[PDB]
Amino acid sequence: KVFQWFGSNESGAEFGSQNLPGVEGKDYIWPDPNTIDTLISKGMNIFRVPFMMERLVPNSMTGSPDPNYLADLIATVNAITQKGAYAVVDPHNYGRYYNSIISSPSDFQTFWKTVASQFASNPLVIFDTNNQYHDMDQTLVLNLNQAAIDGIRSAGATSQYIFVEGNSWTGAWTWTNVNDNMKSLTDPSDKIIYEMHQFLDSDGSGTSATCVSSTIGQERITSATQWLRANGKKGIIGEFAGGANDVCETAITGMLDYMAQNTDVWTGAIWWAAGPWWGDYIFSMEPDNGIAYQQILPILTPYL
């Protein structure tokens, strides 16, 4: 393997985010361990599992978990880690809980102690503080990431990596513009990884199959790479994608080839996304018929 980690998001448990609690099998679904196994057989060793904070811990983030949703999170994590791969536990929440900005680091720390306690003995779990903080106070984003770390380590979950995320939708291309204060995060286990996301369409939203140019990915990560190096930090690309076309194929490999020459800071990359409810989605990595599984995975083989 070229990178420490290379794999895919396994999306579904966060679907239908407007329906809370929502109903499993109707509004959301958990990943399929059999198709995860296929991706593992292809060489992937990390799987990021989005879920909603409100579905895992309803009403108040300081309360008790929902038994049903937690049981399925547990089963998904174990399906990944029992094979030897890493499972990223991702509260896919944008820094918000019931659609309000999480303004209490203390409440967030308690949420994270609750979650980390369920996984504290599993060294292949990775805790991801929150997906894509955005449009909120920059000091608060720093403090929420630190509160998550403190809660996780307080639970005795000390072996695991922690993926921290920044503002501006944790974008790599925007990182130095807004997220410099993230350099001050502390972890007694010294296992912080800075998770950045990078899409390749014009606005970086990852909603169009069209990429700006054949070099846009490598261009959009250069300053983030320099920031990680200058500050003595390590990073991962926790979401990236491009359409099944020639320009995007080239942009994807150019980005990954650049990361491969900068592994002093880059630990790897995670595609967005696999999962069982993507259908004809332009970026679907879901075996055996997702568009990216068929048409993009062949160009990712060099990194597996």
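Each residue number is its position in the shown sequence, starting from 1.
Asks: Highest mean C-alpha temperature factor of the two stretches 191 to 199 and 105 to 113, which is it?
Replies: Looking at the record's C-alpha B-factors, the answer is 105 to 113.
Asks: Take the C-alpha B-factors listed in the entry for 77 to 85 and for 117 to 125, compute each mean, and give the stretch with the larger one.
Replies: For C-alpha atoms only, the mean B-factor is higher in 77 to 85.
Asks: From the list 237, 44, 49, 255, select the residue with the highest C-alpha B factor recorded in the entry.
Replies: Highest C-alpha B-factor among the listed residues goes to 44.
Asks: Please say which third, lowest, middle or highest, residue 210 falls into when its CA temperature factor is compared across its chain.
Replies: For residue 210, whose C-alpha B-factor we compare with every modelled residue in the chain, the answer is the highest third.
Asks: Would the CA B-factor of residue 100 place it in the lowest, middle or highest third of its chain?
Replies: According to the entry, residue 100 has a C-alpha B-factor in the chain's highest third.
Asks: Comparing against every modelled residue in the chain, figure out the third that the C-alpha B-factor of residue 271 lands in (lowest, middle or highest).
Replies: Lowest third of the chain for residue 271's C-alpha B-factor.
Asks: When the modelled residues of the chain are sorted by Cα temperature factor, does residue 259 land in the lowest, middle or highest third?
Replies: Lowest third.
Asks: Could you look up the Cα B-factor of residue 150 in the entry and say which third of the chain it sits in: lowest, middle or highest?
Replies: Lowest third of the chain for residue 150's C-alpha B-factor.
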